[PDB]
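A short write-up of the structure that comes next.
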Amino acid sequence: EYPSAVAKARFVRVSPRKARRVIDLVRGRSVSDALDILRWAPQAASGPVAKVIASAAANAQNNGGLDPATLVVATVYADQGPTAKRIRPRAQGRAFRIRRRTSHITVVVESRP
Amino acid sequence: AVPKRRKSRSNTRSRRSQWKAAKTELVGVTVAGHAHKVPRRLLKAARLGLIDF
Amino acid sequence: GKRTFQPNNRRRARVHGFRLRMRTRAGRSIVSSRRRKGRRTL
Amino acid sequence: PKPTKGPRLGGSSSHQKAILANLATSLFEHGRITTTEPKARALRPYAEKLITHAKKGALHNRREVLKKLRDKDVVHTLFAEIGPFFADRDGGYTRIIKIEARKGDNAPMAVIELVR
RNA sequence: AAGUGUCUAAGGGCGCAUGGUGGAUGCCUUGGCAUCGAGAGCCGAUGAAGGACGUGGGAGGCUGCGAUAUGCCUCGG
RNA sequence: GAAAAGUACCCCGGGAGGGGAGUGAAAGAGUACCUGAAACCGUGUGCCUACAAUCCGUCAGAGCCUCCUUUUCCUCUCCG
RNA sequence: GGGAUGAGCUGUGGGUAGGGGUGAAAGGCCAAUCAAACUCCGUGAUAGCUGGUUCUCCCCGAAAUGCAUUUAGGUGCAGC
RNA sequence: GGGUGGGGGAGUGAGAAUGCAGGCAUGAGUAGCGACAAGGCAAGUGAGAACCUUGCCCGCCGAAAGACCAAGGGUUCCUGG
RNA sequence: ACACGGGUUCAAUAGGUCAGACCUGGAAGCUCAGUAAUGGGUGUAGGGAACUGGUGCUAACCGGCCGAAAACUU
């Protein structure tokens with residue numbers, strides 16, 4: 001029904017929840033609307049997302065031969081990426097485990113006239 | 001005061017859901033060359049050309 | 001008053017150096033013990 | 001100028017004084033300052049009054065300006081070019097245009113300009 | 001007029017489809033433990049065991065090596 | 001992975017990364033990699049829920065959803 | 001706030017080392033732990049004590065009473 | 001690389017020991033971000049700059065936040081990337 | 001925070017400006033007296049935050065989003 005183009009970014013150093021709180025603004029919206037929204041998104045963690053969405057439309061345009069004007073974002077994932085751990089020293093010698101969480105963002109797009 | 005019991009998934013996700021962003025945008029803002037899209041807050045700057053990409 | 005540790009390599013060498021270990025019968029056993037475990041000596 | 005309500009800029013009012021004076025200085029020396037919106041807003045009644053003294057054009061007014069601006073070159077320019085030019089405009093010597101917030105603290109930026 | 005009267009899902013629940021994180025299970029092995037049999041059972045003031053430093057056409061370590069230094073001479077393979 | 005044959009080249013992107021091509025039996029084997037479960041995270045979607053309390057179940061149990069037999073019926077019947 | 005030309009303070013150098021040292025004496029200090037430091041070995045220490053002891057099914061089915069106990073929160077014999 | 005059957009032998013069956021090793025959850029996108037010295041503007045490099053560079057102001061210690069030695073650390077100094 | 005209330009150019013909401021209320025209490029320069037320190041005149045001056053009433057000069061943006069088209073009896 002929707003022969004969508006697939007694009008995704010693995011190993012991004014932005015947490016999934018911080019991705020999701022932006023992604024919720026771009027469900028069922030056009031690519032150009034999403035790109036403008038993210039351009040002016042005060043959360044300022046949308047950069048990677050705009051790059052991925054842009055690459056999805058560009059790839060659909062060149063490999064698929066589709067027109068961005070009708071290209072709409074269908075499904076967006078903010079999957080949990082690989083996580084490392086770091087030790088911080090706190091009071092009384094307590095060694096706490098502090099992590100650096102990542103994400104795998106998967107986006108599919110398709111013309112929906 | 002420390003957490004006595006863990007919170008049920010059905011309540012935790014409610015707290016996760018009441019943490020959303022606002023929606024502001026504006027179309028029709030013609031500038032030199034291509035007509036882009038900006039917010040009302042900054043449309044005057046766009047009209048004066050004080051924007052970048 | 002608020003002191004914890006104050007290194008001084010000459011003091012460490014004179015106190016823990018294996019040439020001091022040569023002084024005693026026991027100290028020689030420490031070196032031979034460490035060799036058996038496979039560790040680098042002082 | 002009407003005193004603000006809430007925290008002074010930076011530390012105390014003395015720091016606010018240094019900020020307002022330096023901002024007014026480089027404003028008069030450049031004519032287009034892009035900074036934070038609160039600073040431009042607080043600056044409005046400050047620069048408006050300094051220019052009011054410029055269009056009055058008196059020795060006494062120069063010393064009242066010196067109470068605020070230790071730099072003298074900006075005073076020369078201010079009472080030599082700016083004042084006379086705005087002598088025919090009875091108020092409204094500035095203009096605030098909103099500017100995109102900074103990537104790093106999302107501070108509401110704004111640019112403050114003179115009419116020309 | 002009076003009465004009956006489905007339809008909301010902000011956001012949760014359950015179940016399916018499809019992904020991610022993780023690297024458990026399965027199968028394996030450059031590796032080890034425990035034994036029978038057969039050797040050797042000593043090294044060293046001729047400077048032992050074991051080490052520091054250094055050596056390669058090319059940064060560092062391991063194995064080998066010692067200002068003749070990832071090698072020399074002799075008899076064999 | 002039997003063998004590096006470690007993804008030529010092109011395109012988004014500052015790069016990492018990804019897609020298209022290609023090697024390959026296979027990439028659903030891409031250096032973070034045989035097989036790849038669970039916790040956990042998340043998306044799409046069928047169904048219930050904003051006058052109502054109860055170890056968050058069990059048994060009765062309406063109405064929808066999905067699969068499906070017979071059948072009024074469409075006579076379009078060599079089809080469904 | 002107290003001492004601050006003194007029974008002073010402080011660095012460099014050295015020694016006394018565990019049933020021992022030290023102590024203008026508190027049973028405090030001896031590498032963040034001192035009514036006898038730490039590490040290793042004896043050592044898989046021991047405890048009449050606390051906690052644990054992993055799949056199922058079938059038949060049958062107790063006591064918390066009595067005696068004695070450096071014993072009454074345990075155990076042996078008897079009873080079920 | 002495993003089944004069926006007759007046999008043999010177990011490091012053989014985990015839901016619990018304030019159990020152990022590893023990974024992820026709730027708490028939670030909460031607290032906190034580190035002496036009560038203070039930053040600001042312009043131009044510019046750069047895809048991207050409150051935080052870097054170069055200028056102009058402002059502020060602070062100044063018997064120390066300055067300038068030299070010892071112990072210690074062991075290249076943390078300079079250049080280029 | 002949000003919300004509330006007012007206003008958004010037929011506009012006096014905020015800023016600014018002119019003039020006021022109130023406060024401070026006699027500014028600088030100049031001139032005169034005084035050896036000087038200082039004191040008179042110019043001068044109820046000068047400075048000024050919130051309140052008052054005028055004054056449309058700047059800024060309130062020549063544009064977005066969500067929002068009914070109604071199951072039935074006597």
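In the structure tokens, the first chain shown is A, the next is B, and so on; residue numbers restart at 1 for each chain, and ligands run from 1 in the order shown.
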All residues 10 Å or closer to region 27-41 of chain B, only C-alpha atoms (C1' of nucleotides), same chain fewer than 4 positions away omitted, as a PDB file with N, CA and C atoms (P, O5', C5', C4', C3', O3' and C1' of nucleotides), in the first residue's frame:
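Okay, result09.pdb is ready:
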```pdb
ATOM      1  N   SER A  32       8.389  18.119   5.066  1.00  0.00           N
ATOM      2  CA  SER A  32       8.787  19.521   5.102  1.00  0.00           C
ATOM      3  C   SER A  32       8.275  20.216   6.356  1.00  0.00           C
ATOM      4  N   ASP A  33       7.092  19.828   6.823  1.00  0.00           N
ATOM      5  CA  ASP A  33       6.569  20.382   8.060  1.00  0.00           C
ATOM      6  C   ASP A  33       7.412  19.914   9.233  1.00  0.00           C
ATOM      7  N   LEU A  35      10.568  18.982   9.169  1.00  0.00           N
ATOM      8  CA  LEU A  35      11.882  19.605   9.118  1.00  0.00           C
ATOM      9  C   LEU A  35      11.833  21.041   9.606  1.00  0.00           C
ATOM     10  N   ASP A  36      10.759  21.758   9.290  1.00  0.00           N
ATOM     11  CA  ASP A  36      10.664  23.126   9.775  1.00  0.00           C
ATOM     12  C   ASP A  36      10.429  23.146  11.281  1.00  0.00           C
ATOM     13  N   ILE A  37       9.586  22.231  11.765  1.00  0.00           N
ATOM     14  CA  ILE A  37       9.322  22.131  13.194  1.00  0.00           C
ATOM     15  C   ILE A  37      10.602  21.840  13.952  1.00  0.00           C
ATOM     16  N   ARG A  39      13.655  22.346  12.914  1.00  0.00           N
ATOM     17  CA  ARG A  39      14.525  23.508  12.782  1.00  0.00           C
ATOM     18  C   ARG A  39      14.249  24.514  13.883  1.00  0.00           C
ATOM     19  N   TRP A  40      12.979  24.663  14.261  1.00  0.00           N
ATOM     20  CA  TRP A  40      12.560  25.616  15.282  1.00  0.00           C
ATOM     21  C   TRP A  40      12.099  24.926  16.559  1.00  0.00           C
TER      22      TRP A  40
ATOM     23  N   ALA B  45      12.024  39.245  12.385  1.00  0.00           N
ATOM     24  CA  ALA B  45      13.422  39.084  12.028  1.00  0.00           C
ATOM     25  C   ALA B  45      13.553  38.471  10.647  1.00  0.00           C
ATOM     26  N   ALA B  46      12.705  37.490  10.335  1.00  0.00           N
ATOM     27  CA  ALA B  46      12.730  36.908   8.998  1.00  0.00           C
ATOM     28  C   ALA B  46      12.413  37.962   7.948  1.00  0.00           C
ATOM     29  N   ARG B  47      11.452  38.840   8.242  1.00  0.00           N
ATOM     30  CA  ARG B  47      11.103  39.908   7.317  1.00  0.00           C
ATOM     31  C   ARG B  47      12.255  40.882   7.134  1.00  0.00           C
ATOM     32  N   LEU B  48      13.081  41.066   8.162  1.00  0.00           N
ATOM     33  CA  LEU B  48      14.255  41.919   8.039  1.00  0.00           C
ATOM     34  C   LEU B  48      15.480  41.172   7.528  1.00  0.00           C
ATOM     35  N   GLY B  49      15.388  39.857   7.329  1.00  0.00           N
ATOM     36  CA  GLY B  49      16.513  39.072   6.864  1.00  0.00           C
ATOM     37  C   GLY B  49      17.481  38.634   7.939  1.00  0.00           C
ATOM     38  N   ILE B  51      17.954  36.110   9.808  1.00  0.00           N
ATOM     39  CA  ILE B  51      17.832  34.678  10.050  1.00  0.00           C
ATOM     40  C   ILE B  51      18.953  33.973   9.302  1.00  0.00           C
ATOM     41  N   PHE B  53      19.410  30.105   7.627  1.00  0.00           N
ATOM     42  CA  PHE B  53      19.009  28.740   7.307  1.00  0.00           C
ATOM     43  C   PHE B  53      17.743  28.333   8.059  1.00  0.00           C
TER      44      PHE B  53
ATOM     45  N   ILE D  97      13.979  43.483  17.972  1.00  0.00           N
ATOM     46  CA  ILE D  97      13.608  42.413  17.066  1.00  0.00           C
ATOM     47  C   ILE D  97      14.018  41.103  17.722  1.00  0.00           C
ATOM     48  N   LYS D  98      13.097  40.150  17.759  1.00  0.00           N
ATOM     49  CA  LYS D  98      13.366  38.846  18.342  1.00  0.00           C
ATOM     50  C   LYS D  98      14.356  38.055  17.495  1.00  0.00           C
ATOM     51  N   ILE D  99      15.298  37.387  18.157  1.00  0.00           N
ATOM     52  CA  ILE D  99      16.310  36.558  17.510  1.00  0.00           C
ATOM     53  C   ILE D  99      16.280  35.155  18.099  1.00  0.00           C
ATOM     54  N   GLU D 100      16.579  34.173  17.248  1.00  0.00           N
ATOM     55  CA  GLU D 100      16.605  32.768  17.629  1.00  0.00           C
ATOM     56  C   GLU D 100      17.472  32.514  18.855  1.00  0.00           C
TER      57      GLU D 100
ATOM     58  P     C I  61      -0.180  42.337  16.588  1.00  0.00           P
ATOM     59  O5'   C I  61       0.264  41.941  15.112  1.00  0.00           O
ATOM     60  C5'   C I  61       0.577  42.932  14.144  1.00  0.00           C
ATOM     61  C4'   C I  61       1.822  42.578  13.370  1.00  0.00           C
ATOM     62  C3'   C I  61       1.872  41.178  12.766  1.00  0.00           C
ATOM     63  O3'   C I  61       1.181  41.075  11.531  1.00  0.00           O
ATOM     64  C1'   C I  61       3.890  41.603  13.908  1.00  0.00           C
ATOM     65  P     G I  63      -1.855  38.720   5.688  1.00  0.00           P
ATOM     66  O5'   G I  63      -1.321  37.742   6.824  1.00  0.00           O
ATOM     67  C5'   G I  63      -1.605  36.354   6.762  1.00  0.00           C
ATOM     68  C4'   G I  63      -0.645  35.542   7.595  1.00  0.00           C
ATOM     69  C3'   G I  63      -1.131  34.151   7.983  1.00  0.00           C
ATOM     70  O3'   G I  63      -0.823  33.198   6.989  1.00  0.00           O
ATOM     71  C1'   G I  63      -0.335  35.276   9.900  1.00  0.00           C
ATOM     72  P     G I  64      -1.541  31.770   6.984  1.00  0.00           P
ATOM     73  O5'   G I  64      -1.069  31.076   8.337  1.00  0.00           O
ATOM     74  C5'   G I  64      -1.752  29.914   8.769  1.00  0.00           C
ATOM     75  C4'   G I  64      -1.105  29.228   9.943  1.00  0.00           C
ATOM     76  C3'   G I  64      -1.967  28.156  10.587  1.00  0.00           C
ATOM     77  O3'   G I  64      -1.827  26.908   9.936  1.00  0.00           O
ATOM     78  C1'   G I  64      -1.239  29.642  12.242  1.00  0.00           C
TER      79        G I  64
END
```
inquiry  = as an NGL selection string, please: the residues near residue 3 (chain A) (cut-off 12 Å, only C-alpha atoms (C1' of nucleotides), same-chain neighbours under 5 positions excluded).
reply    = :A and (60 or 64-66 or 71-72 or 74 or 108-112)
Can you build me a table of chain C residues sitting at most 10 Å from chain H, with the closest atom pair per residue and its distance in Å to one decimal, using only C-alpha atoms (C1' of nucleotides), sorted by chain and residue number, as a tab-separated table?
```
residue	atom	partner	partner_atom	distance
C:6	CA	H:72	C1'	8.6
C:7	CA	H:72	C1'	6.7
C:8	CA	H:71	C1'	6.6
C:9	CA	H:72	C1'	8.5
C:10	CA	H:71	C1'	9.9
```
ask   = Could you name the residues that touch region 35-40 of chain G at 10 Å or less, counting only C-alpha atoms (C1' of nucleotides), but leaving out those on the same chain fewer than 5 positions away, as a PyMOL selection string?
value = chain G and resi 17-20+27+30
Selection export as a PDB file, in the first residue's frame, atoms kept: N, CA and C atoms (P, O5', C5', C4', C3', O3' and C1' of nucleotides):
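Output (result.pdb):
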```pdb
ATOM      1  P     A G  17      60.915  -2.936  68.247  1.00  0.00           P
ATOM      2  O5'   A G  17      59.379  -2.636  67.989  1.00  0.00           O
ATOM      3  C5'   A G  17      58.401  -2.893  68.986  1.00  0.00           C
ATOM      4  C4'   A G  17      57.144  -3.434  68.369  1.00  0.00           C
ATOM      5  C3'   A G  17      57.361  -4.588  67.391  1.00  0.00           C
ATOM      6  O3'   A G  17      56.254  -5.475  67.425  1.00  0.00           O
ATOM      7  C1'   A G  17      56.298  -2.855  66.281  1.00  0.00           C
ATOM      8  P     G G  18      56.496  -7.057  67.454  1.00  0.00           P
ATOM      9  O5'   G G  18      55.147  -7.615  68.078  1.00  0.00           O
ATOM     10  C5'   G G  18      54.902  -7.444  69.464  1.00  0.00           C
ATOM     11  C4'   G G  18      53.434  -7.460  69.800  1.00  0.00           C
ATOM     12  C3'   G G  18      52.600  -8.483  69.026  1.00  0.00           C
ATOM     13  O3'   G G  18      51.677  -9.161  69.881  1.00  0.00           O
ATOM     14  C1'   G G  18      51.614  -6.367  68.851  1.00  0.00           C
ATOM     15  P     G G  19      52.159 -10.430  70.746  1.00  0.00           P
ATOM     16  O5'   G G  19      51.761 -10.063  72.241  1.00  0.00           O
ATOM     17  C5'   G G  19      52.277  -8.893  72.860  1.00  0.00           C
ATOM     18  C4'   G G  19      51.917  -8.782  74.318  1.00  0.00           C
ATOM     19  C3'   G G  19      52.266  -9.984  75.170  1.00  0.00           C
ATOM     20  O3'   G G  19      52.447  -9.614  76.539  1.00  0.00           O
ATOM     21  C1'   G G  19      49.918  -9.803  74.985  1.00  0.00           C
ATOM     22  P     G G  20      53.841  -8.997  77.062  1.00  0.00           P
ATOM     23  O5'   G G  20      54.425  -8.199  75.818  1.00  0.00           O
ATOM     24  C5'   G G  20      54.850  -6.855  75.963  1.00  0.00           C
ATOM     25  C4'   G G  20      55.360  -6.286  74.663  1.00  0.00           C
ATOM     26  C3'   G G  20      55.439  -4.775  74.570  1.00  0.00           C
ATOM     27  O3'   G G  20      56.554  -4.229  75.245  1.00  0.00           O
ATOM     28  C1'   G G  20      54.393  -5.568  72.650  1.00  0.00           C
ATOM     29  P     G G  27      39.661   6.501  81.481  1.00  0.00           P
ATOM     30  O5'   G G  27      40.395   5.296  80.763  1.00  0.00           O
ATOM     31  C5'   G G  27      39.852   4.726  79.589  1.00  0.00           C
ATOM     32  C4'   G G  27      40.906   3.982  78.813  1.00  0.00           C
ATOM     33  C3'   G G  27      40.446   3.232  77.575  1.00  0.00           C
ATOM     34  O3'   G G  27      40.393   4.064  76.439  1.00  0.00           O
ATOM     35  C1'   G G  27      42.096   2.011  78.821  1.00  0.00           C
ATOM     36  P     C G  30      44.968   4.659  65.042  1.00  0.00           P
ATOM     37  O5'   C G  30      46.346   3.874  64.984  1.00  0.00           O
ATOM     38  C5'   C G  30      47.501   4.538  64.511  1.00  0.00           C
ATOM     39  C4'   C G  30      48.756   3.726  64.683  1.00  0.00           C
ATOM     40  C3'   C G  30      48.677   2.296  64.219  1.00  0.00           C
ATOM     41  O3'   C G  30      48.757   2.207  62.810  1.00  0.00           O
ATOM     42  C1'   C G  30      49.883   2.425  66.243  1.00  0.00           C
TER      43        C G  30
END
```
ask   = Interatomic distance between CA of residue 31 (chain C) and CA of residue 13 (chain C)?
value = 15.1 Å
